[PDB]
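Structure data (PDB, C-alpha atoms) from structure-v8.pdb:
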```
ATOM      1  CA  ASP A   2     180.547 182.267 104.608
ATOM      2  CA  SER A   3     179.916 179.920 107.527
ATOM      3  CA  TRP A   4     176.140 180.207 107.042
ATOM      4  CA  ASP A   5     173.870 178.223 104.747
ATOM      5  CA  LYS A   6     170.850 179.217 102.695
ATOM      6  CA  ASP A   7     168.836 176.282 104.045
ATOM      7  CA  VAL A   8     168.535 178.020 107.422
ATOM      8  CA  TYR A   9     169.057 181.600 106.180
ATOM      9  CA  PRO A  10     167.150 181.696 102.885
ATOM     10  CA  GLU A  11     167.785 184.548 100.507
ATOM     11  CA  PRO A  12     166.218 185.171  97.091
ATOM     12  CA  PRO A  13     168.713 185.658  94.252
ATOM     13  CA  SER A  14     169.463 189.282  93.476
ATOM     14  CA  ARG A  15     168.028 190.743  90.266
ATOM     15  CA  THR A  16     170.057 193.805  89.477
ATOM     16  CA  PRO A  17     169.362 195.720  86.247
ATOM     17  CA  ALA A  18     172.021 196.560  83.711
ATOM     18  CA  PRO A  19     173.160 200.212  83.629
ATOM     19  CA  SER A  20     171.585 202.279  80.840
ATOM     20  CA  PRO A  21     173.165 205.752  81.125
ATOM     21  CA  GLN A  22     171.188 208.211  79.021
ATOM     22  CA  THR A  23     173.308 211.188  80.067
ATOM     23  CA  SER A  24     176.796 211.877  78.741
ATOM     24  CA  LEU A  25     178.084 212.920  82.165
ATOM     25  CA  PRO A  26     180.536 210.516  83.834
ATOM     26  CA  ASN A  27     179.324 208.622  86.876
ATOM     27  CA  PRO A  28     181.195 209.749  90.020
ATOM     28  CA  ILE A  29     179.899 206.645  91.782
ATOM     29  CA  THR A  30     181.638 204.420  89.227
ATOM     30  CA  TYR A  31     184.819 206.505  89.457
ATOM     31  CA  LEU A  32     184.803 206.372  93.263
ATOM     32  CA  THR A  33     184.062 202.637  93.363
ATOM     33  CA  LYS A  34     186.944 201.897  90.981
ATOM     34  CA  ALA A  35     189.308 204.107  92.990
ATOM     35  CA  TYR A  36     188.023 202.613  96.251
ATOM     36  CA  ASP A  37     188.632 199.089  94.968
ATOM     37  CA  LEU A  38     192.154 199.881  93.744
ATOM     38  CA  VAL A  39     193.105 201.736  96.936
ATOM     39  CA  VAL A  40     191.321 199.871  99.753
ATOM     40  CA  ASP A  41     190.019 196.500  98.577
ATOM     41  CA  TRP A  42     193.286 195.228  97.089
ATOM     42  CA  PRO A  43     195.522 195.659 100.204
ATOM     43  CA  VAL A  44     192.736 194.394 102.472
ATOM     44  CA  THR A  45     192.265 191.247 100.406
ATOM     45  CA  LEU A  46     196.060 190.829 100.276
ATOM     46  CA  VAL A  47     196.437 190.907 104.059
ATOM     47  CA  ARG A  48     193.365 188.682 104.431
ATOM     48  CA  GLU A  49     194.891 186.132 102.048
ATOM     49  CA  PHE A  50     198.084 186.260 104.118
ATOM     50  CA  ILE A  51     196.060 185.648 107.295
ATOM     51  CA  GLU A  52     194.184 182.777 105.630
ATOM     52  CA  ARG A  53     197.402 181.110 104.496
ATOM     53  CA  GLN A  54     198.788 181.463 108.030
ATOM     54  CA  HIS A  55     195.645 179.753 109.340
ATOM     55  CA  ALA A  56     196.109 177.026 106.725
ATOM     56  CA  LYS A  57     199.656 176.567 108.030
ATOM     57  CA  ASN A  58     198.220 176.322 111.561
ATOM     58  CA  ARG A  59     194.850 174.645 110.984
ATOM     59  CA  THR A  60     192.830 173.262 113.900
ATOM     60  CA  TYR A  61     189.355 171.759 114.174
ATOM     61  CA  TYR A  62     186.528 171.939 116.689
ATOM     62  CA  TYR A  63     183.330 169.933 116.974
ATOM     63  CA  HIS A  64     179.703 170.561 117.900
ATOM     64  CA  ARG A  65     178.712 168.684 121.047
ATOM     65  CA  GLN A  66     175.713 166.365 120.851
ATOM     66  CA  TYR A  67     173.746 165.069 123.835
ATOM     67  CA  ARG A  68     171.970 161.736 123.867
ATOM     68  CA  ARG A  69     168.312 161.736 124.860
ATOM     69  CA  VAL A  70     167.995 160.957 128.573
ATOM     70  CA  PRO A  71     164.563 159.640 129.669
ATOM     71  CA  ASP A  72     161.878 162.309 129.799
ATOM     72  CA  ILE A  73     160.376 163.601 133.045
ATOM     73  CA  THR A  74     157.117 161.783 132.220
ATOM     74  CA  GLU A  75     158.768 158.454 133.097
ATOM     75  CA  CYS A  76     160.605 159.924 136.106
ATOM     76  CA  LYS A  77     159.148 158.968 139.476
ATOM     77  CA  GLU A  78     158.367 161.887 141.760
ATOM     78  CA  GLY A  79     160.897 162.352 144.532
ATOM     79  CA  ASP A  80     163.626 160.610 142.499
ATOM     80  CA  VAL A  81     165.896 163.636 142.184
ATOM     81  CA  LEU A  82     168.490 161.899 139.984
ATOM     82  CA  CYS A  83     166.333 161.258 136.921
ATOM     83  CA  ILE A  84     164.384 164.438 137.721
ATOM     84  CA  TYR A  85     167.652 166.394 137.577
ATOM     85  CA  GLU A  86     168.622 164.764 134.280
ATOM     86  CA  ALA A  87     165.223 165.510 132.735
ATOM     87  CA  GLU A  88     165.274 169.081 134.070
ATOM     88  CA  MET A  89     168.705 169.719 132.553
ATOM     89  CA  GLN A  90     167.506 168.266 129.244
ATOM     90  CA  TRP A  91     164.435 170.513 129.376
ATOM     91  CA  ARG A  92     166.561 173.605 130.046
ATOM     92  CA  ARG A  93     168.793 172.652 127.114
ATOM     93  CA  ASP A  94     165.768 172.324 124.831
ATOM     94  CA  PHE A  95     164.426 175.628 126.175
ATOM     95  CA  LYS A  96     167.638 177.401 125.170
ATOM     96  CA  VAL A  97     167.520 175.726 121.746
ATOM     97  CA  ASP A  98     163.931 176.943 121.312
ATOM     98  CA  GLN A  99     164.992 180.479 122.278
ATOM     99  CA  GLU A 100     167.605 180.418 119.540
ATOM    100  CA  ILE A 101     165.062 178.951 117.088
ATOM    101  CA  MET A 102     162.790 181.921 117.798
ATOM    102  CA  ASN A 103     165.763 184.242 117.273
ATOM    103  CA  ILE A 104     166.436 182.590 113.895
ATOM    104  CA  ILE A 105     162.805 182.972 112.796
ATOM    105  CA  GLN A 106     162.651 186.620 113.894
ATOM    106  CA  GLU A 107     165.924 187.413 112.109
ATOM    107  CA  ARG A 108     164.579 185.736 108.967
ATOM    108  CA  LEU A 109     161.405 187.840 109.180
ATOM    109  CA  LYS A 110     163.412 191.053 109.608
ATOM    110  CA  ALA A 111     165.561 190.135 106.605
ATOM    111  CA  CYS A 112     162.413 189.531 104.544
ATOM    112  CA  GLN A 113     160.985 192.911 105.547
ATOM    113  CA  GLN A 114     164.179 194.791 104.705
ATOM    114  CA  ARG A 115     164.617 192.950 101.396
ATOM    115  CA  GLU A 116     161.068 193.565 100.194
ATOM    116  CA  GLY A 117     160.773 197.130 101.443
ATOM    117  CA  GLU A 118     157.615 198.568  99.900
ATOM    118  CA  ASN A 119     156.198 195.108  99.085
ATOM    119  CA  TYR A 120     156.562 193.531 102.534
ATOM    120  CA  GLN A 121     152.798 193.356 103.074
ATOM    121  CA  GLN A 122     152.541 190.895 100.171
ATOM    122  CA  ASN A 123     155.922 189.235  99.633
ATOM    123  CA  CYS A 124     156.569 188.308 103.291
ATOM    124  CA  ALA A 125     153.357 186.302 103.661
ATOM    125  CA  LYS A 126     155.104 182.959 104.161
ATOM    126  CA  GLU A 127     157.700 184.430 106.535
ATOM    127  CA  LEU A 128     154.938 186.022 108.615
ATOM    128  CA  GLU A 129     152.979 182.754 108.548
ATOM    129  CA  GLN A 130     156.041 180.848 109.774
ATOM    130  CA  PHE A 131     156.595 183.454 112.497
ATOM    131  CA  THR A 132     152.943 183.252 113.575
ATOM    132  CA  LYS A 133     152.933 179.443 113.690
ATOM    133  CA  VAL A 134     156.178 179.192 115.648
ATOM    134  CA  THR A 135     154.972 181.966 117.986
ATOM    135  CA  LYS A 136     151.729 180.072 118.630
ATOM    136  CA  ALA A 137     153.649 176.851 119.314
ATOM    137  CA  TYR A 138     156.075 178.685 121.615
ATOM    138  CA  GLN A 139     153.165 180.231 123.515
ATOM    139  CA  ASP A 140     151.540 176.815 123.816
ATOM    140  CA  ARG A 141     154.672 175.208 125.239
ATOM    141  CA  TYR A 142     156.453 177.935 127.248
ATOM    142  CA  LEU A 143     154.193 180.899 128.055
ATOM    143  CA  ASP A 144     153.112 181.882 131.590
ATOM    144  CA  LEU A 145     155.480 179.405 133.238
ATOM    145  CA  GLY A 146     157.045 182.040 135.488
ATOM    146  CA  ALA A 147     160.569 182.856 136.560
ATOM    147  CA  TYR A 148     160.990 179.376 138.054
ATOM    148  CA  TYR A 149     160.122 177.618 134.813
ATOM    149  CA  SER A 150     160.831 173.900 134.798
ATOM    150  CA  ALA A 151     159.973 170.623 133.118
ATOM    151  CA  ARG A 152     157.397 169.923 135.835
ATOM    152  CA  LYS A 153     155.645 173.247 135.225
ATOM    153  CA  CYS A 154     155.750 172.756 131.448
ATOM    154  CA  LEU A 155     154.266 169.276 131.862
ATOM    155  CA  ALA A 156     151.529 170.599 134.158
ATOM    156  CA  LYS A 157     150.660 173.331 131.651
ATOM    157  CA  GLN A 158     150.568 170.813 128.797
ATOM    158  CA  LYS A 159     148.351 168.477 130.834
ATOM    159  CA  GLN A 160     145.956 171.328 131.637
ATOM    160  CA  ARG A 161     145.811 172.393 127.982
ATOM    161  CA  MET A 162     145.211 168.823 126.795
ATOM    162  CA  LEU A 163     142.475 168.378 129.411
ATOM    163  CA  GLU A 164     140.767 171.561 128.203
ATOM    164  CA  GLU A 165     141.067 170.412 124.579
ATOM    165  CA  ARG A 166     139.674 166.969 125.432
ATOM    166  CA  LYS A 167     136.756 168.496 127.345
ATOM    167  CA  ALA A 168     136.035 170.785 124.392
ATOM    168  CA  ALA A 169     136.199 167.741 122.102
ATOM    169  CA  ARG A 170     133.461 166.048 124.151
ATOM    170  CA  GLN A 171     130.919 168.403 122.570
TER     171      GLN A 171
ATOM    172  CA  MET D   1     166.526 158.864 174.964
ATOM    173  CA  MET D   2     169.235 156.282 174.281
ATOM    174  CA  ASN D   3     170.292 155.848 177.917
ATOM    175  CA  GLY D   4     167.722 153.115 178.555
ATOM    176  CA  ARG D   5     168.729 150.882 175.660
ATOM    177  CA  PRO D   6     169.518 147.206 176.340
ATOM    178  CA  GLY D   7     173.162 146.450 176.951
ATOM    179  CA  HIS D   8     173.852 150.000 178.154
ATOM    180  CA  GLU D   9     176.867 150.067 180.441
ATOM    181  CA  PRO D  10     176.467 152.827 183.061
ATOM    182  CA  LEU D  11     178.926 155.754 182.895
ATOM    183  CA  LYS D  12     180.954 154.024 180.176
ATOM    184  CA  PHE D  13     182.838 156.428 177.925
ATOM    185  CA  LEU D  14     183.837 154.099 175.065
ATOM    186  CA  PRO D  15     182.270 150.630 175.228
ATOM    187  CA  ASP D  16     183.773 147.740 173.316
ATOM    188  CA  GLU D  17     181.252 147.974 170.461
ATOM    189  CA  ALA D  18     182.800 151.361 169.652
ATOM    190  CA  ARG D  19     185.954 149.412 168.768
ATOM    191  CA  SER D  20     184.054 148.166 165.709
ATOM    192  CA  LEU D  21     183.837 151.756 164.468
ATOM    193  CA  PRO D  22     186.559 153.222 162.245
ATOM    194  CA  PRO D  23     188.597 155.754 164.223
ATOM    195  CA  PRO D  24     188.903 159.430 163.290
ATOM    196  CA  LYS D  25     191.556 160.022 160.651
ATOM    197  CA  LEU D  26     193.636 162.239 163.052
ATOM    198  CA  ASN D  27     194.017 164.828 160.232
ATOM    199  CA  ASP D  28     190.375 165.788 159.783
ATOM    200  CA  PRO D  29     188.739 169.233 159.975
ATOM    201  CA  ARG D  30     187.144 168.693 163.394
ATOM    202  CA  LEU D  31     190.438 167.839 165.105
ATOM    203  CA  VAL D  32     192.319 170.459 163.078
ATOM    204  CA  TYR D  33     189.794 173.044 164.264
ATOM    205  CA  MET D  34     190.214 171.759 167.830
ATOM    206  CA  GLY D  35     193.964 172.316 167.569
ATOM    207  CA  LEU D  36     193.323 175.749 166.079
ATOM    208  CA  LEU D  37     191.067 176.534 169.046
ATOM    209  CA  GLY D  38     193.817 175.413 171.415
ATOM    210  CA  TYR D  39     196.353 177.664 169.696
ATOM    211  CA  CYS D  40     193.880 180.562 169.775
ATOM    212  CA  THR D  41     193.323 179.860 173.479
ATOM    213  CA  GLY D  42     197.065 180.065 174.084
ATOM    214  CA  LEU D  43     197.363 183.325 172.146
ATOM    215  CA  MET D  44     194.379 184.845 173.954
ATOM    216  CA  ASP D  45     195.787 183.726 177.310
ATOM    217  CA  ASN D  46     199.096 185.428 176.487
ATOM    218  CA  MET D  47     197.329 188.631 175.449
ATOM    219  CA  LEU D  48     195.216 188.670 178.614
ATOM    220  CA  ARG D  49     198.287 188.027 180.766
ATOM    221  CA  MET D  50     200.001 190.924 178.907
ATOM    222  CA  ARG D  51     202.722 188.710 177.481
ATOM    223  CA  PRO D  52     203.923 188.679 173.881
ATOM    224  CA  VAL D  53     201.123 187.014 171.978
ATOM    225  CA  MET D  54     203.048 184.442 169.937
ATOM    226  CA  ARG D  55     206.705 184.372 170.999
ATOM    227  CA  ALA D  56     205.939 183.859 174.711
ATOM    228  CA  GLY D  57     204.995 180.628 176.456
ATOM    229  CA  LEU D  58     205.748 178.173 173.657
ATOM    230  CA  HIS D  59     205.464 175.226 176.051
ATOM    231  CA  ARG D  60     202.094 176.571 177.213
ATOM    232  CA  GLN D  61     200.823 176.926 173.639
ATOM    233  CA  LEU D  62     202.069 173.427 172.792
ATOM    234  CA  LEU D  63     200.299 172.017 175.850
ATOM    235  CA  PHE D  64     197.088 173.845 174.906
ATOM    236  CA  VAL D  65     197.146 172.517 171.332
ATOM    237  CA  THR D  66     198.062 168.994 172.453
ATOM    238  CA  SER D  67     195.380 168.808 175.152
ATOM    239  CA  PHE D  68     192.725 170.202 172.809
ATOM    240  CA  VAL D  69     193.595 167.675 170.087
ATOM    241  CA  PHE D  70     193.708 164.787 172.589
ATOM    242  CA  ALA D  71     190.363 165.580 174.223
ATOM    243  CA  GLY D  72     188.804 166.324 170.844
ATOM    244  CA  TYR D  73     189.953 162.983 169.442
ATOM    245  CA  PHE D  74     188.502 160.928 172.267
ATOM    246  CA  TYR D  75     185.283 162.965 172.403
ATOM    247  CA  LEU D  76     184.925 162.685 168.617
ATOM    248  CA  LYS D  77     185.320 158.913 168.839
ATOM    249  CA  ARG D  78     182.609 158.834 171.515
ATOM    250  CA  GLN D  79     180.241 160.952 169.408
ATOM    251  CA  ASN D  80     180.891 158.757 166.362
ATOM    252  CA  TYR D  81     179.960 155.731 168.468
ATOM    253  CA  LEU D  82     176.788 157.465 169.669
ATOM    254  CA  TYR D  83     175.639 158.381 166.157
ATOM    255  CA  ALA D  84     176.481 154.882 164.903
ATOM    256  CA  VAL D  85     174.457 153.206 167.648
ATOM    257  CA  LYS D  86     171.596 155.653 167.011
ATOM    258  CA  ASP D  87     171.458 154.654 163.345
ATOM    259  CA  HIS D  88     171.814 150.986 164.328
ATOM    260  CA  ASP D  89     168.832 151.189 166.693
ATOM    261  CA  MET D  90     166.770 153.094 164.111
ATOM    262  CA  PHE D  91     167.442 150.570 161.339
ATOM    263  CA  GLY D  92     166.813 147.648 163.682
ATOM    264  CA  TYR D  93     163.475 149.060 164.818
ATOM    265  CA  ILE D  94     162.466 149.683 161.195
ATOM    266  CA  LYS D  95     163.310 146.076 160.327
ATOM    267  CA  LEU D  96     161.428 144.850 163.410
ATOM    268  CA  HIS D  97     158.255 146.796 162.525
ATOM    269  CA  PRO D  98     157.912 146.801 158.726
ATOM    270  CA  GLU D  99     154.124 147.218 158.788
ATOM    271  CA  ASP D 100     154.539 150.669 160.344
ATOM    272  CA  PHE D 101     157.045 151.641 157.617
ATOM    273  CA  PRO D 102     155.506 150.553 154.309
ATOM    274  CA  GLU D 103     157.354 151.005 151.037
ATOM    275  CA  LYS D 104     155.210 153.598 149.281
ATOM    276  CA  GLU D 105     155.037 153.405 145.490
ATOM    277  CA  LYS D 106     155.938 156.759 143.936
ATOM    278  CA  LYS D 107     154.163 157.131 140.606
ATOM    279  CA  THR D 108     155.899 158.712 137.637
ATOM    280  CA  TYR D 109     155.057 162.156 136.285
ATOM    281  CA  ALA D 110     152.540 160.748 133.816
ATOM    282  CA  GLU D 111     149.672 159.574 136.042
ATOM    283  CA  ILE D 112     149.717 162.425 138.573
ATOM    284  CA  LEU D 113     148.132 165.757 137.656
ATOM    285  CA  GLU D 114     149.963 168.694 139.181
ATOM    286  CA  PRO D 115     147.796 171.836 139.024
ATOM    287  CA  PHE D 116     149.322 174.521 136.830
ATOM    288  CA  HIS D 117     149.479 178.051 138.227
ATOM    289  CA  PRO D 118     150.180 180.552 135.431
ATOM    290  CA  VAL D 119     152.378 183.550 136.172
ATOM    291  CA  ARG D 120     151.178 186.408 133.991
TER     292      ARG D 120
END
```
Spit out the file's structure as structure tokens when you get a sec.
Amino acid sequence: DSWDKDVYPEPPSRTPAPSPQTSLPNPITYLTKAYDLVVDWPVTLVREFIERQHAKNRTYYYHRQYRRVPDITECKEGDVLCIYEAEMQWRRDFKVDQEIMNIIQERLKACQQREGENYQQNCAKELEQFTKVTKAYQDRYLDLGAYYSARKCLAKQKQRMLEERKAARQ
Amino acid sequence: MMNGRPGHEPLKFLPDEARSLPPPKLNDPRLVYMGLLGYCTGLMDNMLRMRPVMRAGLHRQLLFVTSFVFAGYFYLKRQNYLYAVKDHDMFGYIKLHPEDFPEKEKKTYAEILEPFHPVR
């Protein structure tokens, strides 16, 4: 499992013990035992062989990290070099925010499927997280247009802060 | 507009100041295209004279390519001199009249307020 429960939380399963009142045999138990002995054993054998071959030929890869270039707020207008660097950084952060929204939505869907009939009560914190991140995403990225850019995002943020400051006057 | 400049020799192809310029590299796309045009001229001349297009008149095709490259080289050197002296005059005039070309201060994107136009 390459994933972690810090970013994909999952409550621990609570399965009940079997309490068979009837004297009839369980065909599900018979079929699961037969299915294990017929299918799961050769599959785990060939997977162990593949894993030991990978251990024989083990390689590593890394996750690239970008240093923080100066923001567009300190870039002079008409200076296309620093403007280009800030625009590329903004597009990178935009893609990261898209994947953050994907993570939150997937977490919410997992909560809904796990709870089932109790999703209106037990997914309150997941829905709250989804609502808060949706509101923040709408505040930073909505209505930018097809030609979205760091300049347009900055102009939208300046307009929103001006409206908030004018509302805070009274 | 540059014919009335000071120190303008009349009907001079390549004045001595052009000798300060670096010459064309002699294998550069402009001269290569000039030679290609000369070869195409030779082929078209053969086809219009109803000769074999490529295997006829090899001396004629060689002369076409050679003359095109030669004339293109000297004309390219002249045009390089003309553009160089144009930029020289422009920079000199800018240095001579700095009050008509002030260095404007471009503010950063933190003091200017670009109006936001929402697409929705």
8 Å contacts from chain D to chain A using all atoms listed in the file, as an mmCIF file with C-alpha atoms, in the coordinates of the input:
```
data_model
loop_
_atom_site.group_PDB
_atom_site.id
_atom_site.type_symbol
_atom_site.label_atom_id
_atom_site.label_comp_id
_atom_site.auth_asym_id
_atom_site.auth_seq_id
_atom_site.Cartn_x
_atom_site.Cartn_y
_atom_site.Cartn_z
ATOM 1 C CA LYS D 106 155.938 156.759 143.936
ATOM 2 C CA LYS D 107 154.163 157.131 140.606
ATOM 3 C CA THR D 108 155.899 158.712 137.637
ATOM 4 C CA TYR D 109 155.057 162.156 136.285
ATOM 5 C CA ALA D 110 152.540 160.748 133.816
ATOM 6 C CA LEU D 113 148.132 165.757 137.656
ATOM 7 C CA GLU D 114 149.963 168.694 139.181
ATOM 8 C CA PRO D 115 147.796 171.836 139.024
ATOM 9 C CA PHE D 116 149.322 174.521 136.830
ATOM 10 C CA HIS D 117 149.479 178.051 138.227
ATOM 11 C CA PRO D 118 150.180 180.552 135.431
ATOM 12 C CA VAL D 119 152.378 183.550 136.172
ATOM 13 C CA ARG D 120 151.178 186.408 133.991
#
```
message: Given the PyMOL selection byres ((chain A and resi 112) around 12) and the file above, list the residues it selects as a PyMOL selection string.
response: chain A and resi 9-12+105-111+113-128+130-131
query: Which is closest to residue 45 in chain D among D:102, D:31, D:60, D:17, if we use all atoms listed in the file?
result: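 So, comparing all the options, the nearest one is D:60.
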Interatomic distance, CA of residue 139 in chain A to CA of residue 98 in chain A (Å, one decimal):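 Atom-to-atom, CA of residue 139 in chain A to CA of residue 98 in chain A, that is 11.5 Å.
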- request: Let me know the residues the PyMOL selection byres ((chain D and resi 14) around 9) catches in the file above, as number ranges by chain.
  value: D: 12-13, 15-19, 74, 77-78, 81
- line: Nearest to residue 36 in chain D, restricted to all atoms listed in the file and choosing among D:48, D:69, D:56, D:94, comes out as D:69
Which protein, DNA or RNA residues have an atom at most 10 Å from (195.5, 170.6, 174.9), counting all atoms listed in the file? List them as a tab-separated table (two decimals) with C-alpha atoms, in the coordinates of the input.
```
chain	number	residue	atom	x	y	z
D	34	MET	CA	190.21	171.76	167.83
D	35	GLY	CA	193.96	172.32	167.57
D	37	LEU	CA	191.07	176.53	169.05
D	38	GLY	CA	193.82	175.41	171.42
D	39	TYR	CA	196.35	177.66	169.70
D	41	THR	CA	193.32	179.86	173.48
D	42	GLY	CA	197.06	180.06	174.08
D	60	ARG	CA	202.09	176.57	177.21
D	61	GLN	CA	200.82	176.93	173.64
D	62	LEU	CA	202.07	173.43	172.79
D	63	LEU	CA	200.30	172.02	175.85
D	64	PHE	CA	197.09	173.84	174.91
D	65	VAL	CA	197.15	172.52	171.33
D	66	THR	CA	198.06	168.99	172.45
D	67	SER	CA	195.38	168.81	175.15
D	68	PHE	CA	192.72	170.20	172.81
D	69	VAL	CA	193.60	167.68	170.09
D	70	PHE	CA	193.71	164.79	172.59
D	71	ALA	CA	190.36	165.58	174.22
D	72	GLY	CA	188.80	166.32	170.84
```
- prompt: Could you work out how far CA of residue 73 in chain D lies from CA of residue 26 in chain D, giving the answer in Å with one decimal?
  reply: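 Separation between CA of residue 26 in chain D and CA of residue 73 in chain D: 7.4 Å.
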Between CA of residue 70 in chain A and CA of residue 8 in chain A - distance in Å to one decimal: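 For CA of residue 8 in chain A relative to CA of residue 70 in chain A, the distance reads 27.2 Å.
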- line: If you count all atoms listed in the file, the residue of D:2, D:80, D:112, D:40 closest to residue 54 in chain D turns out to be D:40
query: Which of these residues is nearest to residue 92 in chain A, using all atoms listed in the file: A:58, A:150, A:45, A:132?
result: A:150
